[PDB]
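S.K.: This is the structure I have questions about; it appears just below.
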Amino acid sequence: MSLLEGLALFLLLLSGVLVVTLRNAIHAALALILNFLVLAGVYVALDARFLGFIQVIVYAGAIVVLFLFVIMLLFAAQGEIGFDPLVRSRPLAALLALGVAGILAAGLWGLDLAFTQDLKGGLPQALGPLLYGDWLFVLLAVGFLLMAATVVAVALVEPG
Amino acid sequence: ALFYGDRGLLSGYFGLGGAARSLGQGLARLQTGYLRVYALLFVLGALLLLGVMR
Amino acid sequence: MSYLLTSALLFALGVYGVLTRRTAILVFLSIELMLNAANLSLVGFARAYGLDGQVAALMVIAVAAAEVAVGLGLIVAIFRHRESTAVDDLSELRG
Amino acid sequence: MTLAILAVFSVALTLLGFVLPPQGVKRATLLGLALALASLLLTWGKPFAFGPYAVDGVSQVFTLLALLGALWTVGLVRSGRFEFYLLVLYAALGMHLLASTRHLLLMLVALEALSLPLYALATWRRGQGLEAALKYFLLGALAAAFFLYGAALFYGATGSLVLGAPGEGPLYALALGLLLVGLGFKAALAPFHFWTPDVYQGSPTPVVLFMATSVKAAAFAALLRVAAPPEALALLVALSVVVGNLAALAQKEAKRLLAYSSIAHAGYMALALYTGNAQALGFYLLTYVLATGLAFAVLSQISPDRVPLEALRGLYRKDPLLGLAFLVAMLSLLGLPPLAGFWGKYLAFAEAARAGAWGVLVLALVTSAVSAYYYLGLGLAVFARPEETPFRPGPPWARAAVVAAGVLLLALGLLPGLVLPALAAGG
Amino acid sequence: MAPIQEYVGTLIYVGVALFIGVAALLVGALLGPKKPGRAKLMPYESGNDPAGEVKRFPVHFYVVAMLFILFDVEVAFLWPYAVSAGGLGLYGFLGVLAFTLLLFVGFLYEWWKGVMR
């Protein structure tokens, strides 16, 4: 737990800080990939394992690779061009950032929960009957969402 | 005298109409058209709400 | 519990990104980071409330993917012909 | 099993449109939507739940409204791309799902389902339409993030991702807030309203008809499902009505003016949220949807891209019936007697005062009077001398549609004791 | 399930592999002639410009990627069924079939339109 746990959560926050900070888009996205690795690790430590592995495969493997393809296909690595920096906004942007943590912090403060259930590690073995099961409708809805997504995305490009 | 006073009264009411109009376009000036502007105004509003909730 | 707090923090970070970023794409990424903050919190509470938050998170990932595909499609269409994306370059619509 | 019909037609027409002329596909999509509404009438008083999916009186009324809007918006659009129908179909199902469940995550998936295809419907490709589409997608995905972390925090304060779970103190409060954020954005309540002016003005008019009716409908439908507290309600109302009407004053453009006005209107409907009567809200949205659908059908018959306020003028001379109908729409949206808009407004105000929230009700009402400036600034603008203006005077489709909608409006202004008897259980 | 014990072994494996790779890089970097000159650093082909100037790339790579994300999401969902399958009975199979056919209608659409494009 805490020995490495501190380390892993620290690495998470650090990574996020990078992805929001670095004005190299590639560097950014890549930092987010690092993030997804650590996050998947923490998922597993948190007894969610399958979700961790799909997190790497889809989120890290697929999604951000499509992203990377986009920023490689369009350049944009040097995002900060043509400006309207409106610098008076950076500390105001940073200000608002602090607050959304504060409000969540408060709601989670003085909150104790029973983080003890025998999840048995979130292997898909026990997840399947939920997926096709209680969540089957949510699933089919999702699938439909994906189909609609593909046709949308296709008509969205489709120069003619 | 009282007549002109009354006329002036009517004109002052017009004054309020224009005050609401003005306030309105200040509120319409609130939207610049820059997306970052809309995003910041957005988060701002939301924090205002969550503040109200306690 | 540390995890839920960190998820909230990550959400905050993604917020800072979205407000800061000049380019569309990096805004979108910050959004993605927020989404995952959500997923992690879901995982913690799943471990607390018994595992439905996990499936939740999965569905979420799928949702995210769909909107990623669509959103990148839009980002491409809007500035394919057009030069540097910077989101302030479109001011035509004003109050 | 309206859902069945919807999924079936969408999935089928997807591949079918390869083999069909785009018009054939239009005929198809139209047919499908109307059939789904038919199933809705035949199920009145037959409420049906399956999964997290649940059809009740509310789902019934609000998707009646939504389906109506979808049909009207497809009526106008003759583009020879079968997808410009398909997307509408998708979106419609998405809205149905949104109104039909208490499951926060299914609600999320439903939200993506309805919202993603509208982003693509935002492109006539006119240079604004890309700006509109952009703002819409970015702000939209942001709100996605919020409603999602909200569902996670609801699952946080309590064992369920389904609404109605018992609920804690401050964490529960926080979670309900995070659900309220996305669900509020989708309804154009202030100060989440910023997109509304830009997107209505930017998107092609008929699409905007679709949005401004169906979307608002579905959104309030899902909103009633949430447990929202009085103080927040007060805030949202106040801001919506104030900024809505005030900024609407500043509006030189019909669509944008209508956007701000619609912010004020979301503000008014939010009062029903105090008691969540839904017979009352159902009614309000019946009246509003009819009037607005009408209004944007007319704005479509002017120009798809943009309509300025003067363009509305002299409309009476050109077509008498459309002038009159637009007038009626302006009055129903004003909430003046004897129109159904007055009974919808009244029903919301009645639930508001019933909840004993007075100052809020008052402000809402005052700035609702403010709204009469632009509502007459249009409704009467109908009678002025026509300036040089684009006019394409419709098919029978549109004439009979707009007039029918108006007549349905005023009919229920005088006899809400027809439909109002059952916006309830369905007697 | 299976122990946490092995996964830590996985972390080990990663550490060992990473260490060996870095060691290889260190041998490369340390042992060489080293002679930067303007000519050597310069990309390729003698008077150069192979890359030249190009205004971005075919979207075909984007398309392949977006396809891949969606179909991979499909597989990410298909995995939990693939394990508990005979356990989920005919109705499970029927659900998975529904989902699969849905996304296959997706693939079939984008095929008949195709991405030669």
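Each chain in the structure tokens gets a letter, A, B and so on, in the order shown; residues start at 1 in every chain, and ligands are counted from 1 in the order they appear.
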Need to verify the contact set: segment 28-38 of chain B, 7 Å, only C-alpha atoms, exclusion of same-chain residues closer than 2 positions in sequence. Can you return it as an NGL selection string?
M.R.: (:B and (24-26 or 40-42)) or (:C and (19 or 87-88 or 90-95)) or (:D and (135 or 194 or 247 or 250))
S.K.: Include C-alpha atoms and write out the residues we just selected as a PDB file, in the first residue's frame.
M.R.:
```
ATOM      1  CA  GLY B  24     -29.457  43.688 -21.394  1.00  0.00           C
ATOM      2  CA  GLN B  25     -26.749  44.414 -23.902  1.00  0.00           C
ATOM      3  CA  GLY B  26     -24.205  44.444 -21.114  1.00  0.00           C
ATOM      4  CA  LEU B  40     -14.297  30.335 -18.478  1.00  0.00           C
ATOM      5  CA  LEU B  41     -17.721  31.934 -18.019  1.00  0.00           C
ATOM      6  CA  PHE B  42     -18.976  28.349 -17.910  1.00  0.00           C
TER       7      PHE B  42
ATOM      8  CA  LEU C  19      -9.198  26.648 -19.909  1.00  0.00           C
ATOM      9  CA  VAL C  87      -9.695  28.303 -30.965  1.00  0.00           C
ATOM     10  CA  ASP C  88      -9.864  32.086 -30.795  1.00  0.00           C
ATOM     11  CA  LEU C  90     -13.297  31.893 -34.892  1.00  0.00           C
ATOM     12  CA  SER C  91     -15.001  34.951 -33.418  1.00  0.00           C
ATOM     13  CA  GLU C  92     -17.731  35.520 -36.045  1.00  0.00           C
ATOM     14  CA  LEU C  93     -20.588  34.644 -33.706  1.00  0.00           C
ATOM     15  CA  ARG C  94     -21.070  37.390 -31.097  1.00  0.00           C
ATOM     16  CA  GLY C  95     -23.982  38.365 -28.831  1.00  0.00           C
TER      17      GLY C  95
ATOM     18  CA  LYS D 135     -18.273  25.398 -29.820  1.00  0.00           C
ATOM     19  CA  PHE D 194     -23.501  30.878 -23.805  1.00  0.00           C
ATOM     20  CA  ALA D 247     -29.768  39.997 -23.580  1.00  0.00           C
ATOM     21  CA  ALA D 250     -30.026  43.416 -27.438  1.00  0.00           C
TER      22      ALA D 250
END
```
S.K.: Could you list, as a PyMOL selection string, the residues of chain D having an atom within 8 Å of chain E when counting only C-alpha atoms?
M.R.: chain D and resi 11+14-15+18
S.K.: Go ahead and compute the interatomic distance for atom CA of residue 28 of chain C and atom CA of residue 218 of chain D, in Å to one decimal.
M.R.: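 Interatomic distance, atom CA of residue 28 of chain C to atom CA of residue 218 of chain D: 26.1 Å.
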S.K.: Using only C-alpha atoms, which residues sit within 8 Å of segment 120-134 of chain A once same-chain residues fewer than 3 positions away are excluded, as a PyMOL selection string?
M.R.: (chain A and resi 44+47-51+137+139) or (chain C and resi 51-52+54-55) or (chain D and resi 51) or (chain E and resi 1+79-81+83-84+88+92+95-96)
S.K.: Dump C-alpha atoms for the selected residues as a PDB file, in the first residue's frame?
M.R.:
```pdb
ATOM      1  CA  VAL A  44      -5.444  -3.297 -10.780  1.00  0.00           C
ATOM      2  CA  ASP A  47      -9.019  -4.782  -7.513  1.00  0.00           C
ATOM      3  CA  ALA A  48     -10.215  -3.646 -10.937  1.00  0.00           C
ATOM      4  CA  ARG A  49      -7.965  -5.555 -13.347  1.00  0.00           C
ATOM      5  CA  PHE A  50      -9.827  -6.140 -16.648  1.00  0.00           C
ATOM      6  CA  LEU A  51     -10.835  -2.475 -16.672  1.00  0.00           C
ATOM      7  CA  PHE A 137     -29.334  -2.751 -21.998  1.00  0.00           C
ATOM      8  CA  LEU A 139     -24.463  -2.305 -23.369  1.00  0.00           C
TER       9      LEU A 139
ATOM     10  CA  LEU C  51     -18.300  -3.657  -8.628  1.00  0.00           C
ATOM     11  CA  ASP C  52     -21.110  -1.973 -10.578  1.00  0.00           C
ATOM     12  CA  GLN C  54     -16.476  -0.894 -12.667  1.00  0.00           C
ATOM     13  CA  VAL C  55     -18.868  -1.952 -15.434  1.00  0.00           C
TER      14      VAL C  55
ATOM     15  CA  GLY D  51     -34.066  -2.626 -18.387  1.00  0.00           C
TER      16      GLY D  51
ATOM     17  CA  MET E   1      -8.612 -15.124  -9.987  1.00  0.00           C
ATOM     18  CA  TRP E  79     -13.923 -10.456 -24.292  1.00  0.00           C
ATOM     19  CA  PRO E  80     -16.116 -10.659 -21.122  1.00  0.00           C
ATOM     20  CA  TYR E  81     -18.672 -12.730 -23.050  1.00  0.00           C
ATOM     21  CA  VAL E  83     -15.024 -16.168 -21.138  1.00  0.00           C
ATOM     22  CA  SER E  84     -18.390 -16.682 -19.509  1.00  0.00           C
ATOM     23  CA  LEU E  88     -24.510 -16.988 -19.894  1.00  0.00           C
ATOM     24  CA  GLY E  92     -26.198 -14.197 -23.339  1.00  0.00           C
ATOM     25  CA  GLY E  95     -27.249 -10.255 -26.442  1.00  0.00           C
ATOM     26  CA  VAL E  96     -23.678 -10.558 -27.668  1.00  0.00           C
TER      27      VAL E  96
END
```
S.K.: Would you please work out which residue, of B:17, B:45, B:51, B:5, is nearest to chain D when using only C-alpha atoms?
M.R.: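 Checking each of B:17, B:45, B:51, B:5 against chain D, counting only C-alpha atoms, the winner is B:45.
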